[PDB]
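Below is the file structure.pdb, which contains PDB, C-alpha atoms (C1' of nucleotides).
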ATOM      1  CA  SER E 244      61.512 -57.489 -58.490  1.00  0.00           C
ATOM      2  CA  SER E 245      62.940 -54.066 -59.362  1.00  0.00           C
ATOM      3  CA  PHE E 246      59.628 -52.837 -60.728  1.00  0.00           C
ATOM      4  CA  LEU E 247      57.985 -54.680 -57.809  1.00  0.00           C
ATOM      5  CA  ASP E 248      58.560 -51.343 -56.070  1.00  0.00           C
ATOM      6  CA  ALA E 249      59.635 -49.020 -58.895  1.00  0.00           C
ATOM      7  CA  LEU E 250      56.273 -49.081 -60.674  1.00  0.00           C
ATOM      8  CA  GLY E 251      54.360 -48.648 -57.426  1.00  0.00           C
ATOM      9  CA  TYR E 252      56.546 -45.671 -56.517  1.00  0.00           C
ATOM     10  CA  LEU E 253      54.521 -43.512 -58.951  1.00  0.00           C
ATOM     11  CA  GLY E 254      51.651 -43.238 -56.452  1.00  0.00           C
ATOM     12  CA  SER E 255      53.563 -40.663 -54.425  1.00  0.00           C
ATOM     13  CA  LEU E 256      54.309 -38.705 -57.600  1.00  0.00           C
ATOM     14  CA  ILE E 257      50.685 -38.675 -58.752  1.00  0.00           C
ATOM     15  CA  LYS E 258      49.331 -37.686 -55.333  1.00  0.00           C
ATOM     16  CA  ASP E 259      51.941 -34.918 -55.164  1.00  0.00           C
ATOM     17  CA  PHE E 260      50.851 -33.748 -58.619  1.00  0.00           C
ATOM     18  CA  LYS E 261      47.187 -33.645 -57.614  1.00  0.00           C
ATOM     19  CA  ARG E 262      47.960 -31.830 -54.352  1.00  0.00           C
ATOM     20  CA  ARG E 263      50.035 -29.295 -56.288  1.00  0.00           C
ATOM     21  CA  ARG E 264      47.081 -28.786 -58.628  1.00  0.00           C
ATOM     22  CA  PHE E 265      44.707 -28.235 -55.701  1.00  0.00           C
ATOM     23  CA  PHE E 266      47.015 -25.762 -53.964  1.00  0.00           C
ATOM     24  CA  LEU E 267      47.763 -23.889 -57.194  1.00  0.00           C
ATOM     25  CA  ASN E 268      44.116 -23.525 -58.202  1.00  0.00           C
ATOM     26  CA  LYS E 269      43.093 -22.498 -54.679  1.00  0.00           C
ATOM     27  CA  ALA E 270      45.847 -19.881 -54.432  1.00  0.00           C
ATOM     28  CA  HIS E 271      45.133 -18.471 -57.884  1.00  0.00           C
ATOM     29  CA  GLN E 272      41.387 -18.233 -57.285  1.00  0.00           C
ATOM     30  CA  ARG E 273      42.075 -16.635 -53.896  1.00  0.00           C
ATOM     31  CA  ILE E 274      44.346 -13.921 -55.287  1.00  0.00           C
ATOM     32  CA  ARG E 275      42.167 -13.278 -58.341  1.00  0.00           C
ATOM     33  CA  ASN E 276      39.048 -13.029 -56.177  1.00  0.00           C
ATOM     34  CA  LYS E 277      40.873 -10.630 -53.854  1.00  0.00           C
ATOM     35  CA  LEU E 278      41.785  -8.459 -56.850  1.00  0.00           C
ATOM     36  CA  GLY E 279      38.179  -8.547 -58.040  1.00  0.00           C
ATOM     37  CA  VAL E 280      37.058  -7.545 -54.548  1.00  0.00           C
ATOM     38  CA  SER E 281      39.449  -4.588 -54.605  1.00  0.00           C
ATOM     39  CA  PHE E 282      38.151  -3.548 -58.030  1.00  0.00           C
ATOM     40  CA  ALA E 283      34.558  -3.813 -56.798  1.00  0.00           C
ATOM     41  CA  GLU E 284      35.476  -1.695 -53.769  1.00  0.00           C
ATOM     42  CA  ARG E 285      36.877   0.946 -56.115  1.00  0.00           C
ATOM     43  CA  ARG E 286      33.631   0.796 -58.102  1.00  0.00           C
ATOM     44  CA  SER E 287      31.533   1.085 -54.934  1.00  0.00           C
ATOM     45  CA  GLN E 288      33.557   4.095 -53.789  1.00  0.00           C
ATOM     46  CA  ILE E 289      33.182   5.696 -57.229  1.00  0.00           C
ATOM     47  CA  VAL E 290      29.422   5.080 -57.127  1.00  0.00           C
ATOM     48  CA  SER E 291      29.196   6.543 -53.617  1.00  0.00           C
ATOM     49  CA  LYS E 292      30.973   9.698 -54.774  1.00  0.00           C
TER      50      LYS E 292
ATOM     51  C1'   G S   1      35.081 -42.163 -57.138  1.00  0.00           C
ATOM     52  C1'   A S   2      37.972 -39.145 -54.238  1.00  0.00           C
ATOM     53  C1'   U S   3      39.008 -34.467 -52.457  1.00  0.00           C
ATOM     54  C1'   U S   4      41.565 -26.892 -51.079  1.00  0.00           C
ATOM     55  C1'   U S   5      36.836 -23.383 -48.629  1.00  0.00           C
ATOM     56  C1'   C S   6      32.205 -26.553 -49.186  1.00  0.00           C
ATOM     57  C1'   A S   7      28.350 -20.552 -53.773  1.00  0.00           C
ATOM     58  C1'   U S   8      32.842 -18.252 -53.405  1.00  0.00           C
ATOM     59  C1'   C S   9      36.424 -19.019 -48.302  1.00  0.00           C
ATOM     60  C1'   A S  10      34.547 -15.216 -51.186  1.00  0.00           C
ATOM     61  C1'   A S  11      32.132 -10.404 -48.571  1.00  0.00           C
ATOM     62  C1'   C S  12      33.757 -11.877 -55.745  1.00  0.00           C
ATOM     63  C1'   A S  13      30.967 -14.221 -59.271  1.00  0.00           C
ATOM     64  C1'   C S  14      26.141 -15.517 -59.650  1.00  0.00           C
ATOM     65  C1'   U S  15      20.925 -17.802 -59.982  1.00  0.00           C
ATOM     66  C1'   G S  16      15.542 -16.826 -59.265  1.00  0.00           C
ATOM     67  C1'   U S  17      12.269 -13.621 -56.961  1.00  0.00           C
ATOM     68  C1'   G S  18      10.512  -8.963 -54.701  1.00  0.00           C
ATOM     69  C1'   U S  19      11.157  -3.630 -54.218  1.00  0.00           C
ATOM     70  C1'   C S  20      13.041   1.010 -55.898  1.00  0.00           C
ATOM     71  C1'   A S  21      15.116   4.419 -59.339  1.00  0.00           C
ATOM     72  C1'   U S  22      15.547   5.565 -64.914  1.00  0.00           C
ATOM     73  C1'   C S  23      11.834   8.301 -72.160  1.00  0.00           C
ATOM     74  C1'   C S  24      18.217  10.172 -74.078  1.00  0.00           C
ATOM     75  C1'   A S  25      14.820  11.148 -77.970  1.00  0.00           C
ATOM     76  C1'   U S  26      10.501   9.881 -81.241  1.00  0.00           C
ATOM     77  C1'   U S  27       5.950   7.452 -82.472  1.00  0.00           C
ATOM     78  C1'   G S  28       1.389   5.006 -81.479  1.00  0.00           C
ATOM     79  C1'   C S  29      -2.458   3.549 -77.861  1.00  0.00           C
ATOM     80  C1'   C S  30      -5.398  -4.162 -81.303  1.00  0.00           C
ATOM     81  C1'   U S  31     -11.794  -4.334 -82.343  1.00  0.00           C
ATOM     82  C1'   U S  32      -4.575  -5.724 -85.439  1.00  0.00           C
ATOM     83  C1'   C S  33      -8.265  -9.307 -89.972  1.00  0.00           C
ATOM     84  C1'   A S  34     -11.658  -9.548 -94.811  1.00  0.00           C
ATOM     85  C1'   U S  35     -15.115  -7.905 -98.567  1.00  0.00           C
ATOM     86  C1'   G S  36     -17.608  -3.617-100.999  1.00  0.00           C
ATOM     87  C1'   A S  37     -17.336   1.863-101.700  1.00  0.00           C
ATOM     88  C1'   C S  38     -15.088   6.932-101.871  1.00  0.00           C
ATOM     89  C1'   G S  39     -12.923  12.212-101.503  1.00  0.00           C
ATOM     90  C1'   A S  40      -7.672  13.175-102.233  1.00  0.00           C
ATOM     91  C1'   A S  41      -2.530  11.941-103.494  1.00  0.00           C
ATOM     92  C1'   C S  42       1.605   9.334-106.083  1.00  0.00           C
ATOM     93  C1'   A S  43       5.071   7.401-109.735  1.00  0.00           C
ATOM     94  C1'   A S  44       9.007   3.057-112.009  1.00  0.00           C
ATOM     95  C1'   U S  45       7.423   1.806-116.789  1.00  0.00           C
ATOM     96  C1'   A S  46       5.487   5.167-121.765  1.00  0.00           C
ATOM     97  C1'   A S  47       2.905   8.776-124.312  1.00  0.00           C
ATOM     98  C1'   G S  48       0.711  13.512-125.252  1.00  0.00           C
ATOM     99  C1'   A S  49       1.693  20.493-125.089  1.00  0.00           C
ATOM    100  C1'   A S  50       0.308  28.416-128.732  1.00  0.00           C
ATOM    101  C1'   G S  51       2.044  27.904-120.148  1.00  0.00           C
ATOM    102  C1'   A S  52       7.377  29.057-118.251  1.00  0.00           C
ATOM    103  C1'   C S  53      13.173  28.824-117.847  1.00  0.00           C
ATOM    104  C1'   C S  54      18.442  28.140-119.287  1.00  0.00           C
ATOM    105  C1'   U S  55      22.614  27.398-122.813  1.00  0.00           C
ATOM    106  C1'   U S  56      24.615  28.071-127.778  1.00  0.00           C
ATOM    107  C1'   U S  57      24.232  30.111-132.656  1.00  0.00           C
ATOM    108  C1'   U S  58      24.887  36.974-135.774  1.00  0.00           C
ATOM    109  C1'   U S  59      20.142  38.986-134.444  1.00  0.00           C
ATOM    110  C1'   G S  60      14.394  38.773-135.024  1.00  0.00           C
ATOM    111  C1'   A S  61      14.867  33.566-135.312  1.00  0.00           C
ATOM    112  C1'   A S  62      16.964  28.672-134.640  1.00  0.00           C
ATOM    113  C1'   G S  63      19.347  23.767-131.745  1.00  0.00           C
ATOM    114  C1'   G S  64      19.438  21.149-127.229  1.00  0.00           C
ATOM    115  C1'   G S  65      18.249  20.557-122.157  1.00  0.00           C
ATOM    116  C1'   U S  66      14.507  21.619-118.230  1.00  0.00           C
ATOM    117  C1'   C S  67       9.787  23.320-114.999  1.00  0.00           C
ATOM    118  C1'   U S  68       3.891  22.283-115.188  1.00  0.00           C
ATOM    119  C1'   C S  69      -0.560  19.123-116.353  1.00  0.00           C
ATOM    120  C1'   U S  70      -2.931  14.582-118.073  1.00  0.00           C
ATOM    121  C1'   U S  71      -3.497   9.316-119.010  1.00  0.00           C
ATOM    122  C1'   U S  72      -2.115   3.156-119.711  1.00  0.00           C
ATOM    123  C1'   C S  73      -0.344   0.002-116.054  1.00  0.00           C
ATOM    124  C1'   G S  74      -1.374   0.756-111.512  1.00  0.00           C
ATOM    125  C1'   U S  75       0.028   2.360-106.412  1.00  0.00           C
ATOM    126  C1'   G S  76      -0.499   2.889-101.408  1.00  0.00           C
ATOM    127  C1'   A S  77      -3.134   6.338 -97.914  1.00  0.00           C
ATOM    128  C1'   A S  78      -8.136   5.200 -94.695  1.00  0.00           C
ATOM    129  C1'   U S  79     -13.829   9.068 -92.746  1.00  0.00           C
ATOM    130  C1'   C S  80     -17.659   5.380 -92.284  1.00  0.00           C
ATOM    131  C1'   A S  81     -20.517   0.835 -92.708  1.00  0.00           C
TER     132        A S  81
END

Go ahead and express the file in the form of structure tokens.
Amino acid sequence: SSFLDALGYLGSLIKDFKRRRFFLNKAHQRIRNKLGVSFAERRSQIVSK
RNA sequence: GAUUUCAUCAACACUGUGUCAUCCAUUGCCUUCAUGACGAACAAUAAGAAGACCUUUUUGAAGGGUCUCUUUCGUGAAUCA
């Protein structure tokens, strides 16, 4: 009866892990894409000049 | 199967298409393919010289190494049919 709840408790941990993965990947892609956008803006300015 | 934007939640990465610009320089503009023929040219492999050159030896003269031509084997080149 201890594991009756202890083994089920892992659902919160796994959902937290997956949500952390989603947030981390979204944030990293967002910042990297912003940096790429800035680099492309520098290229566009260079090409305009 | 679920779920951050539902391309990217990004005005980036792209996909395909259309348009435009751009030889850096050079070459050529299939009848590319076959047979037969020919002017000319070429050398790996090898050979053959009263033409010419250099070095060394004491010199006239001698030793060695070179330039030039030809041929065996052949070789591509391609004006035309």

Taking all atoms listed in the file into account, produce a table as JSON lines in which each residue of chain E with an atom at most 7 Å from an atom of chain S appears once, together with its shortest atom pair and the distance in Å to one decimal, ordered by chain and rising number.
{"residue": "E:265", "atom": "CA", "partner": "S:4", "partner_atom": "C1'", "distance": 5.7}
{"residue": "E:266", "atom": "CA", "partner": "S:4", "partner_atom": "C1'", "distance": 6.3}
{"residue": "E:269", "atom": "CA", "partner": "S:4", "partner_atom": "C1'", "distance": 5.9}
{"residue": "E:276", "atom": "CA", "partner": "S:12", "partner_atom": "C1'", "distance": 5.4}
{"residue": "E:279", "atom": "CA", "partner": "S:12", "partner_atom": "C1'", "distance": 6.0}
{"residue": "E:280", "atom": "CA", "partner": "S:12", "partner_atom": "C1'", "distance": 5.6}

Keeping only C-alpha atoms, write the selected residues as a PDB file, keeping the file's coordinate frame.
ATOM      1  CA  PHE E 265      44.707 -28.235 -55.701  1.00  0.00           C
ATOM      2  CA  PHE E 266      47.015 -25.762 -53.964  1.00  0.00           C
ATOM      3  CA  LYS E 269      43.093 -22.498 -54.679  1.00  0.00           C
ATOM      4  CA  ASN E 276      39.048 -13.029 -56.177  1.00  0.00           C
ATOM      5  CA  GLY E 279      38.179  -8.547 -58.040  1.00  0.00           C
ATOM      6  CA  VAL E 280      37.058  -7.545 -54.548  1.00  0.00           C
TER       7      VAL E 280
END

The PyMOL selection byres ((chain S and resi 78) around 12) resolved against shown file, as a ChimeraX atom specification: /S:38-40,76-77,79-80

Deliver the residues from the most recent selection as a file, using C-alpha atoms (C1' of nucleotides), as a PDB file, in the coordinates of the input.
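That gives us out-v7.pdb:
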ATOM      1  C1'   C S  38     -15.088   6.932-101.871  1.00  0.00           C
ATOM      2  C1'   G S  39     -12.923  12.212-101.503  1.00  0.00           C
ATOM      3  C1'   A S  40      -7.672  13.175-102.233  1.00  0.00           C
ATOM      4  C1'   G S  76      -0.499   2.889-101.408  1.00  0.00           C
ATOM      5  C1'   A S  77      -3.134   6.338 -97.914  1.00  0.00           C
ATOM      6  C1'   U S  79     -13.829   9.068 -92.746  1.00  0.00           C
ATOM      7  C1'   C S  80     -17.659   5.380 -92.284  1.00  0.00           C
TER       8        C S  80
END

Between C1' of residue 72 in chain S and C1' of residue 44 in chain S - distance in Å to one decimal: 13.5 Å

Distance of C1' of residue 74 in chain S from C1' of residue 45 in chain S, expressed in Å to one decimal place: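 Distance reported for this atom pair: 10.3 Å.
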
Distance of CA of residue 259 in chain E from CA of residue 247 in chain E, expressed in Å to one decimal place: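 Taking CA of residue 247 in chain E and CA of residue 259 in chain E, their separation equals 20.8 Å.
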
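Residues matched by the PyMOL selection byres ((chain S and resi 48) around 10) in this file are residues 47, 49, 70 and 71 of chain S.
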